[PDB]
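Residue numbers (full-length UniProt numbering), protein chains in the order written: chain A, 2 to 117; chain B, 10, 16 to 85; chain C, 2 to 178.
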Amino acid sequence: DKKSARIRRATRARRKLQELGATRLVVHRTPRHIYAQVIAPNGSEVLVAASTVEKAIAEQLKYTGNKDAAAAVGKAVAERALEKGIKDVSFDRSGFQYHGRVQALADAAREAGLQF
Amino acid sequence: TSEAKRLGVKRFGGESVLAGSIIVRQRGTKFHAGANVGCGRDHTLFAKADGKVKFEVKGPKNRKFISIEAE
Amino acid sequence: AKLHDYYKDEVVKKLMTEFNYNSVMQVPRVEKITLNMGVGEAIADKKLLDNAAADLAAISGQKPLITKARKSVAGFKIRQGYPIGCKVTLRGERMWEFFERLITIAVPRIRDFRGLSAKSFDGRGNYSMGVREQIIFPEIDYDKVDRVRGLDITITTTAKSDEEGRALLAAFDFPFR
RNA sequence: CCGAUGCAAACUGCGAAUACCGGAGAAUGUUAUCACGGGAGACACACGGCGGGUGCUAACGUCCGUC
RNA sequence: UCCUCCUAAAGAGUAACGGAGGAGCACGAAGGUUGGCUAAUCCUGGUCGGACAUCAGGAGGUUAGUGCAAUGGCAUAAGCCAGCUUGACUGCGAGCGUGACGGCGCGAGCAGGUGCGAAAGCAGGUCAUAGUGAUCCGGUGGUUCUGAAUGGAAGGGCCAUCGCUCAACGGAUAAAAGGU
RNA sequence: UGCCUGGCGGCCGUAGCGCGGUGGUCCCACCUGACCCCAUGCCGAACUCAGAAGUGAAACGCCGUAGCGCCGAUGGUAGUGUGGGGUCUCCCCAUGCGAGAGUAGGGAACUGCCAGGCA
Numbered sequence: 002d003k004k005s006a007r008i009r010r011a012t013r014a015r016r017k018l019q020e021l022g023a024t025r026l027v028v029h030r031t032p033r034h035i036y037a038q039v040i041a042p043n044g045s046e047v048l049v050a051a052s053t054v055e056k057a058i059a060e061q062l063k064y065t066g067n068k069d070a071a072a073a074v075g076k077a078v079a080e081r082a083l084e085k086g087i088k089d090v091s092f093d094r095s096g097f098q099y100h101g102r103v104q105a106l107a108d109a110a111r112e113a114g115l116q117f
Numbered sequence: 010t016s017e018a019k020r021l022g023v024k025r026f027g028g029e030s031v032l033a034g035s036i037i038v039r040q041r042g043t044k045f046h047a048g049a050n051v052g053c054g055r056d057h058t059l060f061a062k063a064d065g066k067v068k069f070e071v072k073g074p075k076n077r078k079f080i081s082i083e084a085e
Numbered sequence: 002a003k004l005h006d007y008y009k010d011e012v013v014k015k016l017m018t019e020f021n022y023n024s025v026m027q028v029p030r031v032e033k034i035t036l037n038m039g040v041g042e043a044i045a046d047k048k049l050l051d052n053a054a055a056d057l058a059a060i061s062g063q064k065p066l067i068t069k070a071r072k073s074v075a076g077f078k079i080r081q082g083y084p085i086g087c088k089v090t091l092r093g094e095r096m097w098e099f100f101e102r103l104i105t106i107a108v109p110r111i112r113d114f115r116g117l118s119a120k121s122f123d124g125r126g127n128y129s130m131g132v133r134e135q136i137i138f139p140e141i142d143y144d145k146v147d148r149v150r151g152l153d154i155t156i157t158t159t160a161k162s163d164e165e166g167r168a169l170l171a172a173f174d175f176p177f178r
């Protein structure tokens, strides 16, 4: 039981952010690919989504899943958010550990000038 | 081989309960706070903003939730 | 690692030829070995349990963890949370080396070596067995023996039937019953 | 104790009528509704119908919620 | 004095030394927060262990537990390992649920400063329902607030507050206890 | 615009339980070693580093199996508000509201958005 446990643990922040009703940045991690999505408080629409699989950002990346790919995805998410006007979304770790690629992506996103 | 406590629902669905009003005071947790509803230490549900009350059934266990929506 | 390559080369090939499987890893693989002590005689003395744990740590590549009791019953005169024994889990290069050394030196030299008891199966594939006289293992010397203690070695088996476990045991020719 | 058949005030995987809270609505009711002030009066009620407890599921016995 | 389900006729309330006991404690850690973990029960394998002194493969998912007698809800566990602290801090606080009053409980939210985190956010004691003390009386520290002419002193007025089993627990005058 | 895979929401048994088949194009899955960021109340158990070198074992997407499980009618049944009657402990009459279970029927769900492979 791994995916079920991951979903259960992420459910904590998933429900916690609901009360405050703020746009949330969620990250899905996989060795093959990494995904980042911005979800509105209603939880049925995504403001913007990026994936390491897409060639547009995988051309300059040797492999889809790595620290460099996570940093590139973070930069892309940050610039798209800046040009869209997200207004300082909150973020959720999706039950992961904030020490490796998740931390690298968060730092890359914050480097653009975000205040989350 | 005492004084009875006042239980039950004070405000039902459709009541325009304002902020701070307690919806129900039960022994345990008969219903769970939903949106704009807070739960106290003594397992008491109270409103957080003005609106209309509603009771809903959701979840795999089919648990009763108390919610408040804009009027 | 050291023995995994030989296992893949020989045991997997033999099992595939025998059973006509499709997936390369269709043959069940051993995940972990759990070393346990069922002595249950350290209630009176704690130094006995401490010495047994030290011996387990010395023989294995990692030290054990003391395990407490689970339920309290007046019949056996036991309370709740009473530390009696400990367990060790081996999975990886250490497990492969331990299994190789065992099957190489320890198994042949056993008193009353009538053979392994195949009937001692959990009914699904996992095999757990215990033997006495840890002195057989070279990692413990006669000069440092406090008492006779038994072992409990249980191997992980992902099979859904006892035939797979029997085939895995016969992989090393299963000397006899 | 294994499975089943019936039963329950400190039994409900279900679930009435009835009572009660809020929203909208044609019509009636001398506002019959609520807020403040002055004046009081009363502070051992009885019996009956409706559903019960108690009582020996004997009593024109006993106490409750409603009319 | 106070709680636990019924009788009590599906809002609350609704009887007769009614059927039932428990608390008048305790944790200054059993409090807060971050990560992960979460069964009980039964079969099968172990030197004995067979289920019952410990371990791993299964049947099953909240039947174990939640400090207490009992009670409701609790797997997002309201439990249970690793780590750090005292937010059990201070002024407060719109509103709501009860009451005949004295008052009681919950409570969004601001400010001064803190702990848990990278942040989102939590922390105004303990999962809760009982677990306590009101009026008066005596003691501690602050105030020139007041001071029977002046400057002090004595004495009062308010602020946190110990004793008062005041355990006749809303506590009736200064009136000491037991009985045939 | 059609098929397949992963994620984000509603629905919470018409989504579940048991059985057979199919899935490596992409996606997802087993992780070998870790002296390096990370750590075990022992264990690289989980988490973190490099993918097709090894495969679809287990998990999971889909089709059928209506075997178990669920909902679900109209109808009837038990009950009750209101006025009356009787043999008044209980029942009936005119009228309104109406149980549970089961039968007919269904389903192996459906739906909104984003990313990728084949068309």
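All C-beta atoms, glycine included, are put in the ideal place defined by N, C-alpha and C.
Where the alpha helix (DSSP H) containing residue i begins and where it ends
{"i": "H29 of chain A", "result": "Not the alpha helix (DSSP H): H29 of chain A falls in the beta strand (DSSP E), residues 25 to 30."}
{"i": "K17 of chain A", "result": "4 to 21"}
{"i": "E164 of chain C", "result": "163 to 172"}
{"i": "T18 of chain C", "result": "14 to 20"}
Residue i, DSSP secondary structure in three states
{"i": "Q38 of chain A", "result": "strand"}
{"i": "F92 of chain A", "result": "strand"}
{"i": "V54 of chain A", "result": "coil"}
{"i": "residue 1 of chain C", "result": "Nothing in the structure corresponds to residue 1 of chain C, since chain C is present only between 2 and 178."}
{"i": "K33 of chain C", "result": "coil"}
{"i": "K145 of chain C", "result": "helix"}
{"i": "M26 of chain C", "result": "coil"}
{"i": "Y8 of chain C", "result": "helix"}
{"i": "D108 of chain A", "result": "helix"}
{"i": "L32 of chain B", "result": "coil"}
{"i": "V108 of chain C", "result": "coil"}
{"i": "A119 of chain C", "result": "coil"}
{"i": "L103 of chain C", "result": "helix"}
{"i": "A160 of chain C", "result": "coil"}
{"i": "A45 of chain C", "result": "coil"}
{"i": "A47 of chain B", "result": "strand"}
{"i": "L48 of chain A", "result": "strand"}
{"i": "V103 of chain A", "result": "helix"}
Residue i, enclosing beta strand (DSSP E) - first and last residue
{"i": "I80 of chain B", "result": "77 to 83"}
{"i": "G75 of chain A", "result": "Where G75 of chain A is concerned, there is no enclosing beta strand (DSSP E), although the alpha helix (DSSP H) it sits in stretches over 68 to 85."}
{"i": "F69 of chain B", "result": "66 to 72"}
{"i": "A61 of chain B", "result": "58 to 61"}
{"i": "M130 of chain C", "result": "128 to 130"}
{"i": "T155 of chain C", "result": "153 to 156"}
{"i": "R39 of chain B", "result": "36 to 39"}
{"i": "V51 of chain B", "result": "51 to 53"}
Buried or exposed by the 16-neighbour rule on C-beta atoms within 10 Å, applied to residue i
{"i": "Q135 of chain C", "result": "buried"}
{"i": "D113 of chain C", "result": "exposed"}
{"i": "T43 of chain B", "result": "exposed"}
{"i": "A53 of chain C", "result": "buried"}
{"i": "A63 of chain B", "result": "exposed"}
{"i": "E165 of chain C", "result": "buried"}
{"i": "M96 of chain C", "result": "buried"}
{"i": "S30 of chain B", "result": "exposed"}
{"i": "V146 of chain C", "result": "exposed"}
{"i": "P65 of chain C", "result": "buried"}
Beta-carbon proximity check, residue i vs residue j, cutoff 9 angstroms
{"i": "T158 of chain C", "j": "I34 of chain C", "result": "no"}
{"i": "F177 of chain C", "j": "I104 of chain C", "result": "no"}
{"i": "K63 of chain A", "j": "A105 of chain A", "result": "no"}
{"i": "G65 of chain B", "j": "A84 of chain B", "result": "yes"}
{"i": "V49 of chain A", "j": "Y36 of chain A", "result": "no"}
{"i": "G86 of chain C", "j": "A59 of chain C", "result": "no"}
{"i": "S35 of chain B", "j": "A61 of chain B", "result": "yes"}
{"i": "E80 of chain A", "j": "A113 of chain A", "result": "yes"}
{"i": "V78 of chain A", "j": "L18 of chain A", "result": "no"}
{"i": "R39 of chain B", "j": "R20 of chain B", "result": "yes"}
{"i": "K78 of chain B", "j": "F45 of chain B", "result": "yes"}
{"i": "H34 of chain A", "j": "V47 of chain A", "result": "no"}
{"i": "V103 of chain A", "j": "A51 of chain A", "result": "no"}
{"i": "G39 of chain C", "j": "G131 of chain C", "result": "yes"}
* Within the region 57 to 101 of chain C, ranges of the beta strand (DSSP E) (whole runs, at least 3 residues) -> 66 to 68, 86 to 91
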